[PDB]
């Protein structure tokens, strides 16, 4: 199926780029293009047709033949031109002073840029912007990486300062435009899928997960292709949670959603309230026995107790389903502290009785690793069933590893974050966090560190808005003066290293901001509003700005804290709001 393939491609691509973010050296860049070209143009078959098939399947619309045929021809020709640009980069890298060679690489680059300019409108044909969105996101991505080579290599190839500035100004304009198109059509696509029943909810949530992976996640990285803003290696984190399909049996003999709560009931029950970025620490699963006749029985997950924890914060525990009484015949406790569960294999069971069906999960295998010491283990829930219908749900179909060139315990893209649940039918949903989002809030001496403020140990939760479609996760919002939580940090050596800080934000008001390090203020200033007073849905890429300080500071110790405070709003009128996205720590030498 094209969906699995497309998601596999998109996850792999974001993993590769995340590993090269902000690198200015030609060797890494040649190596990157080599990988990108292999993935996007494997030969004998259009990898771009797979992107189209994906979104057509998710939304149940067909791209017109004319529009499909043209985009496919243009994308195949762009691929041929990309091979020539790669070969021209390889021949430049080893004969840099040759004039024939510099003319060649410059010429190939200008041919690509020119083709991108001509072809981008083919990936957003009117009436087809959604089914063509994953194509559009991947092509946009390529175009912005190309413009970044102009920034790193342009002078070397003999571009004038005027040409180089034009390329840079276009890249800024295009980051904005491509980001906006993605977020917008992602929202429209998902909204067109809003329904009233549980089957529709499965569809809506599948588009949400797949397009976050295929569209939103790569778009989130677009700003870091700006080499003036990110002139060195950068550590980005995607903090959003994605949810896999509900773990219930589906088919012609009976689906769990044949008799289940409404769309709205599922959205408000399967999906967690807004919360600070967290990690699972413990799960208890409560088991019931349903039986039919003498030898057929289903022992299934009828409720659970789950504990999680923000980085360096308190542990919270919630309960779901049935967790006491005569129905509970067994319990199992699973300690998950420090464990990345990289794969779940679940058995969604059905017990067929004379006049009814009983749905429920009979078995879950959790494959886990400790990212500290790389110690691996399996956790198995299997109380034991017999004579049942079953479906195997393998999380790596929806959340694949970033490569198959290594074991999945090295290349996994996501970890299990949480479990929600409904009863009758007894159906759990698994949520997951991205590998890029670390456990420790590590600060690097030699990189720009990005730290989303949602990774605080405590304090205010995100508000109910989707501004994080632009950010790769939830911002923290203020309608009046307040602080982020204490963000707990692990500082890499040397502790004598100076850092300055800039904060990514959006506000309808001017405000006072300071940075509190280890309990004491190290930076304070006033910052200006970046957006009009509008609902969050109207915010665009250009409404995000930096609060940047030049005055550096050092951390006190290896385990230090950071905290952002906002104050003295220029207006308290209804709509007055500061969103805080992330802090970036920049080593000062």
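Residue numbers count along the first chain shown, from 1.
Quiz item: Out of 196-204 and 320-328, which stretch has the higher average CA B-factor listed in the record?
Solution: Going by the record's values, the stretch with the higher mean is 320-328.
Quiz prompt | Between the two ranges 127-135 and 104-112, the one averaging a larger CA B factor in the entry | solution = In the deposited entry, the stretch with the higher C-alpha B-factor mean is 104-112.
Quiz prompt | Identity of residue with top Cα B-factor, from 40, 558, 57, 50 | solution = Reading the PDB entry, the winner on C-alpha B-factor is 558.
Self-check item: Per the PDB entry, maximal CA B factor within 337, 431, 493, 141
Solution: Spelled out: the listed residue with the top C-alpha B-factor is 493.
Self-check item: Relative C-alpha B-factor of residue 485, binned into the chain's lowest, middle or highest third
Solution: Its C-alpha B-factor belongs to the middle third of this chain's values.
Quiz item: residue 374's Cα B-factor: lowest, middle or highest third of the chain?
Solution: According to the entry, residue 374 has a C-alpha B-factor in the chain's highest third.
Quiz item: Which third of the chain holds residue 278 when residues are ordered by C-alpha B factor: lowest, middle or highest?
Solution: Bottom third by C-alpha B-factor.
Quiz item: Among the modelled residues of its chain, does the C-alpha B-factor of residue 234 lie in the lowest, middle or highest third?
Solution: Highest third of the chain for residue 234's C-alpha B-factor.
Self-check item: B-factor third for the C-alpha atom of residue 245 within its chain
Solution: Answer is lowest: the recorded C-alpha B-factor places it there.
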